[PDB]
Amino acid sequence: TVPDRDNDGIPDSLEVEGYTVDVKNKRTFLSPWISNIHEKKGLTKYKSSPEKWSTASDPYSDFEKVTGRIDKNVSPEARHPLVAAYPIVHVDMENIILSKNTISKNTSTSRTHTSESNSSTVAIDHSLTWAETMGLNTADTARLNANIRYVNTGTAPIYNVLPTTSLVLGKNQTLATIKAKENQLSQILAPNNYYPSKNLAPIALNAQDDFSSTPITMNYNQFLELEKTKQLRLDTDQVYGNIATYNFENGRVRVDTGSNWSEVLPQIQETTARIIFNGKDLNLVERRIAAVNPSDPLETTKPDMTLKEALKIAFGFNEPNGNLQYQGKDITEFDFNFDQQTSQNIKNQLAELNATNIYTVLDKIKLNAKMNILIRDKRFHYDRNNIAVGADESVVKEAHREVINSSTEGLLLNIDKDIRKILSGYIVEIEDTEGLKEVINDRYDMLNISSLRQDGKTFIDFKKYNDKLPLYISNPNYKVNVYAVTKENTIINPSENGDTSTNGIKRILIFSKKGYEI
Amino acid sequence: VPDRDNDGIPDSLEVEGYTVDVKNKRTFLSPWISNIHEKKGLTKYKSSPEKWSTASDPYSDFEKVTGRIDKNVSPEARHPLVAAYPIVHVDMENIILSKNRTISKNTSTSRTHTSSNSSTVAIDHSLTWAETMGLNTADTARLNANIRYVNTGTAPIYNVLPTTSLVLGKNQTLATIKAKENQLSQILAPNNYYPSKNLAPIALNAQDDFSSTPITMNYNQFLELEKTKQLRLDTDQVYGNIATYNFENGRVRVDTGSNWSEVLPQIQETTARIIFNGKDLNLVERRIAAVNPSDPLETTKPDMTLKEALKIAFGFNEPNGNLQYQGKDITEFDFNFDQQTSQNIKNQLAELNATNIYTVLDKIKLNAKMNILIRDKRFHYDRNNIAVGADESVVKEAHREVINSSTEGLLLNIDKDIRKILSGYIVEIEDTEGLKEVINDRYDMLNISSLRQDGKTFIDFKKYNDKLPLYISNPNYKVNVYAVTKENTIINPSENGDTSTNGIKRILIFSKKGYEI
Ligand SMILES: [Ca+2]
Ligand SMILES: [Ca+2]
Ligand SMILES: [Ca+2]
Ligand SMILES: [Ca+2]
């Protein structure tokens, strides 16, 4: 006799008005919101669409979510019916091995995003000719082998199936594509996880795998483009598999063949506001929240969502002092970016709000469906793929204030883990009492001089590239300078005319002490 | 309560007028109330009480207006009188040529429509082809291009992908691309590209779908191609199965019972078709449910006037009771009809005793199978109804916004859509008496206008100079910039051996003295 239009578990009125799940005597109770009681217990005030089995358009009912009768791998924040539960899989390549039909360097992959499937970008180690180390003429062709592992940075787990990925050497130069492995992993890939696990062995990338008798080649021009722009791109799709559903009778999560991720994903993308936020580790985290779509009755059945409330339920912002903030960071320490559509909309709101600064009317900005929003730490500069590649000199400098130990063999400093993410290496030089300068590790591939102690502190080794001897300063009246190189300022390859000196580098003074001071 | 077509909405509501409205937070299918629904900015819906889908498409009248539908269906197809279906054509980004010393040029494609979906690519003419490749009378060139699929319709295709053949000349077919079956686990929604514009395109290698035989091209053929520098891409309508809405949990699952190849024919026989190039200058095709007198079941559909169609199919509105599209009055557009449709409207214009269709617009009845072509009057078009040029005044006005000018070039703010009928610019310097020294004086040295990431056009002088700024012997010498419309651009050397820009139709776009810059 109770109204349950969408036929989940929650009665209409409850969803529209506000509700919450509460355990009393070891038993759960789906109660309506009661400020007296539920506010003190610190439960969450949920609210969903009485006409949508899943407000977020995902394979989990608003009931299964809030109630916990769901696959335990669905991310916490996505237990809220306004937060979408779907997977986000991209490929992480750890290192490459090059050779002619040899060399090997480490590679850092980071997930990317541009204003327009999940794509990741690989950065190959430029520090310590490639063409020489291998013996390459304009007639030879190089082969490619790399180690990779799939990464789920979403809010839902995938099971039976694994995505298709392609390795791209430019704008479209596809070197090899990894087939959509049918069911070669009954093992699960859950949110914030690597397959294969970190403690296990990586996946070997050896050939465009439709016929294992054909390696990944790369003619001399291709190879050179790779050397020129030490970087590959991994474009992964959304060919995830079946969804694991909860059986109300025995509570078993089994991989249902009826529910498939490709039946759902399209709907999610069309009825949610996408927000990407790099507050945790400068990594781009993407979340989707359910927003009203004015021209859609069914989507107007969804609760009204404000930008401020989205940030709280999606990424974890809170107001300890009435002031909104992440982890000790006021919302002002971040930067909002929108596509044209959202841009105009937000502007039209700020218009009808008579407000000039969006940071004040944050709880008054309405999120619609299909909105794309980008929040990123205001301290850093960002590239094409929205990756932290630098910062202001006042920032980078300040990041090296704590000088633990000064030595003629190196420096021991305590550096923010945030800042050290944007540094490419260090440059050491000697400055005579009057004018004379002279770089020691004077190579683009020899900035590789900083080691990270597992006790938080960073160590800068001077004598690394200086023939294993400390600084022989025959005159204790000179200066010892240590500059820093940001990813954006760094050179990864000799210029047009094979120049390999720091002479052409933008550096930031970090440490400048005379000889009698060390 | 009657409901013959059995689609949730009752007979009377559909016949007389209804609207879906959200109350507290629930959808209510309400009978249209003149006063209280109008103020709320709601739309007055009508449909056929005897058609589960008035438009004949695979979505019920009820599903459409209630929002209980694959959210990938176009908004205007949310209205029961606007057909929801896919429109797939192939767009080629660039090709490269060689012999079984390789010319790699960029291409531009436009979906065409003359009196199955088809497009037309144009190969870049800007820097001999037959000589750059040592091609002999008994040689053969191989074709290698990059393409993606475009959905310009109002509904998504899912599993399947259309058969499509590349063609040189009138019927010289160089290659045909298979109709991949269920290999496409991705989605092609309306107004989208496949694959996305941040993933590599699709490769055009083999001439057939199985044999590893490259796309070949004999000598005479390669010449023909060099002479016209354009190819045709014909695509069929073999789309996949259809995504259906499950009321039980709201899941959109691809139904293997319902297939677009069973629906399209119906839509095509029960709708009036309107092509309108207003938005972006491209050919946008829409279908509206129109009455078919000979057909009872079809007479069951709401009467449709031309004026109303434009309102619900494209976005036309009446600010001052005057029909218009985003500022441009309805009078600024062409009306073209196939011989059938023409006669019909000529009749109605007699029974109304009017000679100007622009007046009696709201009294013009649309029937099923009508074909209408509405294009912006300001632009010049070709045989395929593609925007190929403009009136000088329009072209000039589009450049009248100079953000900056110097000796290196111009930084203008040109309409991103207008700049689709300009192949390039001719730069020249003028003597105080009248000498004319053209800087980039070659037919294939016109591509000096790039586009910045902030959407501002920049014309580069240093490009086809000596990579040096523009030097002027006298601050009184005028600096001229001309625009070259597609219709007026040359893609090959002239009769003699002339590659100069002398006989090119140029529109003046800039002309400030040396000291006025
Ligand atoms: Ca319910
Ligand atoms: Ca619900
Ligand atoms: Ca009915
Ligand atoms: Ca009906």
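Residues numbered from 1 in each chain as written, not as in the entry; some residues may be left out. Chains lettered and ligands numbered in written order. Part of a larger assembly, values for the part shown. Heavy atoms only, no water. Residues with missing side-chain atoms left out of burial classes, pairs and counts.

For this deposited structure, the header cites X-ray crystallography as the method used and 3.209 Å as the resolution.

K.L.:
Please give an account of the UniProt feature "binding site: Ca(2+) 1" (unreviewed entry) in chain B that cites residues and values.
P.N.:
Residue and element names in this part refer to chain B. Here, UniProt's "binding site: Ca(2+) 1" (unreviewed entry) annotation points to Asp 3, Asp 5, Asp 7, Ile 9, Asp 11 and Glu 14. On the secondary structure map, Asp 11 appears in helix α1 (residues 11-16). You can see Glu 14 is positioned in helix α1. In this structure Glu 14 comes out as buried when scored by relative accessible area, which is 0%. (UniProt positions renumbered as here; feature names shortened; annotations may be inferred. Helix = DSSP H or I, 4+ residues; strand = E, 2+ residues; numbered from the N terminus. Buried < 20%, exposed > 50% of the residue type's maximum accessible area, 1.4 Å probe, protein only.)

K.L.:
Can you break down the sheet that holds strand β25 (residues 422-430) of chain B residue by residue, with the values?
P.N.:
All names here are of chain B. Taken in spatial order, the four strands line up as β26-β25-β29-β30 in an open sheet, and their pairing is antiparallel. Only two strands of the sheet have a single partner each, and these edge strands are β26 (436-438) and β30 (507-512). Strand after strand, the sheet turns through a mean of 30° between neighbouring axes, direction not considered. Note that β25 and strand β29 (residues 478-485) share eight bridges and pair antiparallel. Considered in β29, the bridge of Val 427 is made with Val 481. (Pairing = 2+ DSSP bridges. Axes fitted to C-alpha atoms, helices over the stretch in contact; angles between N-to-C directions.)

K.L.:
Please provide a residue-by-residue account of the interface of chain A and chain B, values included.
P.N.:
Every contact between the two is made by 41 residues of chain A and, on the other side, 32 residues of chain B. Note on chain A versus chain B: buried area summed over both sides is about 2,900 Å², and carbon and sulfur give 48% of it. On inspection of chain A and its partner chain B, the count reaches six salt bridges. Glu 299 of chain A serves as the salt-bridge partner of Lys 71 of chain B, at 3.1 Å between the closest nitrogen and oxygen. Linking chain A to chain B there are ten residue pairs in polar contact. (Contact = heavy atoms within 4.5 Å. Buried area = accessible area lost by both parts, 1.4 Å probe. Salt bridge = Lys/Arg side-chain N within 4 Å of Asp/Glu carboxyl O. Polar contact = N/O pair within 3.5 Å; in protein donor to acceptor, adjacent residues only side chain to side chain.)

K.L.:
Before we move on, can you summarise the coordination of the calcium ion (ligand 2) with the specific residues and values?
P.N.:
Residue and element names in this part refer to chain A. Distances from the calcium ion (ligand 2) to its protein donors, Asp 6 (OD), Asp 8 (OD), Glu 15 (OE), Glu 15 (OE), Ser 49 (O), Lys 52 (O) and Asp 62 (OD), fall at 2.4 to 3.1 Å. Mapping the donors of the calcium ion (ligand 2) onto the primary sequence yields the spacing D-x1-D-x6-E-x33-S-x2-K-x9-D. For the pair the calcium ion (ligand 2) and the calcium ion (ligand 1), the metal-to-metal distance amounts to 4.2 Å, and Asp 6 bridges them. (Donors = N, O, S within 2.8 Å, 3.2 Å for Na, K, Ca; no water.)

K.L.:
Tell me about the domain arrangement of chain A, and name the residues and values.
P.N.:
All names here are of chain A. Domain boundaries in chain A define domain 1 (1-81), domain 2 (82-269), domain 3 (270-388) and domain 4 (389-518). The centre of domain 1, based on its C-alpha atoms, is set 24 Å off from the matching centre of domain 3. Surface buried jointly by domain 1 and domain 3 totals about 870 Å² across both partners, of which 60% is contributed by carbon and sulfur atoms. Taken together, the links from domain 1 to domain 3 amount to two salt bridges. (Domains from an automatic or database assignment.)

K.L.:
Give me the UniProt feature "binding site: Ca(2+) 1" (unreviewed entry) in chain A: which residues, what numbers.
P.N.:
Mapped onto this structure's residue numbering, the UniProt feature "binding site: Ca(2+) 1" (unreviewed entry) falls at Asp 4, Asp 6, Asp 8, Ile 10, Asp 12 and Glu 15 of chain A. On the secondary structure map, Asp 6 of chain A appears in the segment before α1 (12-17). Dropping the residues within four chain positions of it, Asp 6 of chain A is found in contact with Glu 15, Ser 49, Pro 50, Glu 51, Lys 52 and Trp 53 of chain A together with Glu 248 of chain B. Its location among the elements puts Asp 12 of chain A in helix α1. By relative accessible area, which is 1% here, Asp 12 of chain A ends up buried. Sequence-distant contacts of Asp 12 of chain A, defined by excluding residues within four places in its chain, comprise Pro 3, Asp 4, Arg 5 and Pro 50 of chain A together with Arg 26 of chain B. One polar contact links the side chain of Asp 12 of chain A to the main-chain amide nitrogen of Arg 5 of chain A, over a distance of 2.8 Å.

K.L.:
Which residues make up the sheet that holds strand β20 (residues 371-376) of chain B, and what are the values?
P.N.:
Residue and element names in this part refer to chain B. Taking strand neighbours across the sheet as the criterion, the four strands line up as β16-β15-β20-β19 in an open arrangement whose pairing is mixed. Each having just a single partner strand, β16 (284-289) and β19 (333-337) make up the two edges of the open sheet. Averaged over all pairs of adjacent strands, the angle between strand axes in this sheet comes to 20°, irrespective of strand direction. Pairing of strand β15 (residues 271-276) with β16, which is carried by six bridges, proceeds in the antiparallel orientation. Pairing of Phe 276 across the sheet is with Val 284, part of β16.

K.L.:
Now, about the pairing of strand β25 (residues 479-486) of chain A: what can you tell me, with residues and values included?
P.N.:
Residues and elements named next belong to chain A. With seven of eight residues buried, β25 lies mostly within the body of the structure. As paired elements, strand β22 (residues 423-431) and β25 share eight bridges and run antiparallel to each other. By the bridge assignment, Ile 427 is partnered in β25 with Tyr 483.

K.L.:
Summarise the domain arrangement of chain B; cite the residues concerned and give the values.
P.N.:
Residue and element names in this part refer to chain B. Assigned domains of chain B: these are domain 1 (1-80), domain 2 (81-268), domain 3 (269-387) and domain 4 (388-517). Computed over C-alpha atoms only, the centres of domain 1 and domain 3 are separated by 24 Å. Contacts between the two partners involve eleven residues from domain 1, matched on the other side by eleven residues from domain 3. With both sides pooled, the region where domain 1 packs onto domain 3 buries about 850 Å², and carbon together with sulfur makes up 60% of that total. Broken down residue by residue, the surface that domain 1 buries against domain 3 is led by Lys 51, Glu 76 and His 79, which jointly contribute 44%. Between the two partners, domain 1 and domain 3, sit two salt bridges. When the shortest N-O distance is used, the salt bridge between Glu 76 and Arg 286 registers 2.9 Å.

K.L.:
Which residues make up a positive patch on the surface, and what are the values?
P.N.:
A surface patch of like charges, here positive, comprises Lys 417, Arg 420, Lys 421 and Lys 487 of chain A. One can find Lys 421 of chain A in the loop between β21 (410-413) and β22. (Patch = residues over 30% accessible without salt bridge, like charges linked within 9 Å, V, L, I, M, F, W, Y side chains within 5 Å. Areas by Shrake-Rupley, 256 points an atom, 1.4 Å probe, with all protein chains shown as cover. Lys, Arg positive; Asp, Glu negative; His and termini not counted. Charge placed at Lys NZ, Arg CZ, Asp CG, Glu CD.)

K.L.:
Now, about unusual backbone geometry: what can you tell me, with residues and values included?
P.N.:
Residue and element names in this part refer to chain A. Residue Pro 196 is reached from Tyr 195 by a cis peptide bond, and omega for that bond is 0°. Mapped onto the fold, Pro 196 is located in the loop between β9 (193-195) and β10 (203-205). Unusually for a residue other than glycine, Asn 386 sits at a positive phi of about 60°. With respect to the element layout, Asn 386 can be found in the loop between β18 (380-382) and β19 (388-391).

K.L.:
Explain the UniProt feature "binding site: Ca(2+) 2" (unreviewed entry) in chain A to me, using residue names and the numbers behind them.
P.N.:
Residue and element names in this part refer to chain A. Using the residue numbers shown here, the UniProt feature "binding site: Ca(2+) 2" (unreviewed entry) corresponds to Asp 6, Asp 8, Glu 15, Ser 49, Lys 52 and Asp 62. In summary, the annotated positions, though distributed over 57 residues, converge in three dimensions, the widest C-alpha pair being only 10.8 Å. Its place among the elements puts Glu 15 in helix α1. Apart from residues lying up to four places away in sequence, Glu 15 is in contact with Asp 6, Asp 8, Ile 10, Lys 47, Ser 48, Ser 49, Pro 50 and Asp 62. Relative to the assigned elements, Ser 49 resides in the loop between α2 (35-41) and α3 (62-67). Its relative accessible area of 0% is what places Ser 49 among the buried residues. In contact with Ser 49, not counting residues within four places along its chain, are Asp 6, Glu 15, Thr 55, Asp 62, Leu 298, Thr 301, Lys 302 and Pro 303.

K.L.:
Go over the packing of aromatic side chains with me, naming the residues and quoting the values.
P.N.:
Geometrically, a pair of aromatic rings is defined through the distance of the ring centres and the angle of the planes. Residues and elements named next belong to chain B. Applying the stated criterion across every chain, the model contains 22 aromatic pairs over all chains. When the centroid spacing of 5.3 Å and the interplanar angle of 85° are considered together, the rings of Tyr 245 and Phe 247 count as edge-to-face. Note on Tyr 245: relative accessible area 12%, which makes it buried. By relative accessible area, which is 42% here, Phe 247 ends up partly exposed. Aromatic pair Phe 335 and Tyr 358: ring centres 5.4 Å apart, planes at 70°, arrangement edge-to-face. Separated by 23 residues along the polypeptide, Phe 335 in strand β19 and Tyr 358 in the loop between α8 (339-351) and β20 bring together distant segments of the chain. (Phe/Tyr/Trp six-rings, centres within 6.5 Å; stacked < 30°, edge-to-face > 60°.)

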